[PDB]
């Protein structure tokens, strides 16, 4: 609950070739999350795309979510995994976070989410790609919104 500035979250969930790694940023209007969202939607290159995540055709998740790949997409199969299972899991995770109140419903129309997904070339099981990305995204959102892991917590784990 309550997001008044940029927050970063990250998670690794799953196993095998479909394991899902997610880097995430969320922030309000007027912040760098908003400018990076706009620039990120406009700037694409060979192998590296970005899209406005939707949970169903003509139904984008809210808050506005820009999803982009961190592992290069070199053929139709990798693209399909990105736009099908992975997009669906990320989008569902964002909307469920609003449904559950992790992202407050009254801020949801004024926030931006940036989601970097890592889908291995070896991934093949769509049901797992979808599920693991859904879980890694939901986890990254809760960690980002609650500011975790806290500095001191991580500090006292290196010494």
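Residue numbers count along the first chain shown, from 1.
- Annotation for 33-41 versus 105-113: the higher mean temperature factor (C-alpha) is found in 105-113.
- When 42-50 is weighed against 125-133, 125-133 comes out higher, by mean CA B-factor as recorded in the entry.
- For residue 25, the recorded CA temperature factor ranks within the lowest third of the chain's modelled residues.
- The deposited CA B-factor of residue 74 belongs to the highest third of values across its chain.
- Sort the modelled residues of the chain by CA B factor and residue 99 lands in the highest third.
- Annotation for residue 82: C-alpha temperature factor in the middle third relative to the rest of the modelled chain, per the entry.
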